[PDB]
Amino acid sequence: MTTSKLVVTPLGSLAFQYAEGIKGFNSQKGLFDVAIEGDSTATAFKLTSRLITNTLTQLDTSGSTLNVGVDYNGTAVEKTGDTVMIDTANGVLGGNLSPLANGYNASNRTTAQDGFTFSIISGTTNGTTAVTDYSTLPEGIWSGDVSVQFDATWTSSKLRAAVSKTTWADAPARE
């Protein structure tokens, strides 16, 4: 059977509610689990994340959207690049995912947990026109999948790569 080299699992769901007092949406942390399989021949390890989808679309006919920002320690996780999480060759050990930095070349499996902070960073009235005032948006529900790709490579004096897509499915925002 095909054994899993990298599996990143979201631990719960994402949901956003509008708060009148701050004229915008609240924010949320979301934990995930990371499991990797050990490669004894490996001399370097690297883990990155990249944003895949982050659009919530109004359920009405407006075409209104909201975009979800994904933050890893004050660093955006984005569609246009890979956010470095672990990079052993350059001493980046990966904080609460440290145990992977220590176990990527062990002869077993290694797990660790971390999280992202999720918030609403912008939106559109109709799909195009940018929102300047969230309080003027239509009522009801915006919904969409928030998904983050996690890359993992195993260098050696030789390359093995694995990917895992983590999906916060049908994340709603409500006003």
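Residue numbers run from 1 along the displayed sequence.
The gap between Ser157 and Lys158 holds 1 to 3 unmodelled residues of the deposited sequence. Between the stretches 126-134 and 54-62, it is 126-134 that shows the larger average CA temperature factor. The PDB entry records a higher mean C-alpha B factor for 17-25 than for its counterpart among 17-25 and 160-168. Comparing C-alpha B-factors across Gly69, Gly140, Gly30, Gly144 in the deposited entry, the largest value falls on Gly140. Annotation for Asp39: CA B-factor lies in the highest third of the chain's modelled residues. When the CA B factors of the chain's modelled residues are split into thirds, the value for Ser107 lands in the highest one.
Split the chain's modelled residues into thirds by C-alpha temperature factor. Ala173 is in the middle one.
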